[PDB]
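To start, the structure under review is shown below, and the notes come after it.
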Amino acid sequence: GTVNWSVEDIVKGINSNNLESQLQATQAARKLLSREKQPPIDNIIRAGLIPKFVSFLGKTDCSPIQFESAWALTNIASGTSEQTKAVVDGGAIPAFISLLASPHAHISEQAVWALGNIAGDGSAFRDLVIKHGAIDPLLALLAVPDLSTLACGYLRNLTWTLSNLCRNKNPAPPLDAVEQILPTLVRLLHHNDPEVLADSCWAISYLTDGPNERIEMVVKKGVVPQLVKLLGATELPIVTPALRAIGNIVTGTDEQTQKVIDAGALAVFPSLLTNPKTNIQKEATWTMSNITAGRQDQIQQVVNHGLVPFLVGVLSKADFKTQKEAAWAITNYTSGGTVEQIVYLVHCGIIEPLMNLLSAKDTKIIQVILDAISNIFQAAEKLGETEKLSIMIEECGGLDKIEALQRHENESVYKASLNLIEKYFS
Amino acid sequence: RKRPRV
């Protein structure tokens, strides 16, 4: 019927003055654009078909051509920024927003999907979709007493499109648009479906990726306990965005961080800091570094939850990017912690893995480590035991590495290293 | 970020 038409034939059918001929040509275009190996998006665009598709979105009496043109345009809009731009340039945004009210769920859903691709291009099209008024009819689709009565695929598409309206920076989404979306997001964050949860978490992770007032908007909605619960999920597609959101939240104020600690997040980090997925380990350690940058009572809760040995472990053996995050966690800890907290750190075995990382070809981690060593030496001086620490550092090979760094081509490196040798090894 | 319907 409509499989493997030529673009020439699609054009001839869409140019006929016969709505049913147009419908069949539009379906043929949809099937072309729905094949996976290199759909001819640019050939369709060049044939001038986008404005016809867009005008078909308004044909209320031929709902199949609304559906077929919506799908065709969705797949064009899923392409490069230039292809998405051709869809927007054809007037598609207000036509899709009008389609959100279609009595045919499959057509409404297709408009949701299209708007998600357009908004997902970037900040400017995201904000243009918002200016045309997409948010109110999108949210109205979710204004039911129990989300479980909506079709699963429909709900997943709505969640994904809403997460694209929360996404991207420079600029972040408008504050009022965020406030309007957030209660529906909180509700989706409690829905039982794994993909709805994953995409809800992604949305929250976008919204918390920014200055403290943005984080506060999210935290004051009370979602942190639910984020921590999802941090413990078995599905990696959920843990990844949930951990990202928690990490973002702990880049804020110590009071925001404290919400994360009070919700029980620290009890999941034994698993996270040993997780077989390298990126989970890395982002868990990043999160820990922004918790050891906090107050001494927060550092103390890291101690009480037994996480210091887990930081020793990721410093000892992990992917290098994780090890560097662990170096940051350690210097933050040593810079902010009490003397007894730093003593405890050393008794957990931090010194040797810290020293072994002075062999690394990355001058930034070397600076971080040297700074940590100075902080620890300062605790030792406050205890009159700089010498025992000097011995400990030498007996594990650390001094060789430090003086090797005296002749390092980076400046603050050899300055800090030299300083250390003058002050502590003579 | 973007996804086609297949």
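In what follows, chains are A, B, ... by sequence order, proteins preceding strands, each numbered from 1. Below, all heavy atoms of this structure are taken into account, side chains as well, without hydrogens, waters or symmetry copies.
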> Quick one: what part of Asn157(A) sits under 4.5 Å from any heavy atom of chain B, side chain, backbone, both or neither?
Replying inline: both

> Judged by atom type as modelled, is there a donor-acceptor pair below 3.5 Å linking the side chain of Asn117(A) to the main-chain atoms of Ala77(A)?
Replying inline: no

> Without hydrogens or angle criteria, can the side chains of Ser102(A) and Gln66(A) be said to hold a donor-acceptor pair below 3.5 Å?
Replying inline: no

>> Need one label for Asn164(A): side chain, backbone, both or neither, based on atoms under 4.5 Å from any heavy atom in chain B.
In response: side chain

> Only one of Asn248(A), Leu188(A), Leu182(A), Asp209(A) forms a side chain to side chain contact (heavy atoms under 4.5 Å, CB included) with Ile204(A), so which one is it?
Replying inline: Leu182(A)

>> What part of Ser81(A) gets within 4.5 angstrom of chain B, counting heavy atoms only: side chain, backbone, both, or neither?
In response: both

> Side chain, backbone, both or neither: which part of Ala119(A) has an atom under 4.5 Å from a heavy atom of chain B?
Replying inline: neither

> Which one of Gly116(A), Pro39(A), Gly120(A) has the most heavy-atom pairs closer than 4.5 Å to chain B?
Replying inline: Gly120(A)

> Roughly how far apart are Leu165(A) CG and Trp160(A) CH2, rounded to 0.5 Å?
Replying inline: 10.0 Å

>> What part of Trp202(A) gets within 4.5 angstrom of chain B, counting heavy atoms only: side chain, backbone, both, or neither?
In response: neither

> What about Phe67(A) and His104(A), are their ring centers closer than 6.0 Å?
Replying inline: no

> Please walk me through it: do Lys2(B) and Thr84(A) pass side-chain hydrogen bond (donor to acceptor under 3.5 Å, both in side chains)?
Replying inline: CA-CA 10 Å; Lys2(B) 290 180 196 173; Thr84(A) 304; 2.9 Å; yes

> Which atoms of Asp121(A) come close to chain B, meaning under 4.5 Å heavy atom to heavy atom: side chain ones, backbone ones, both, or neither?
Replying inline: both

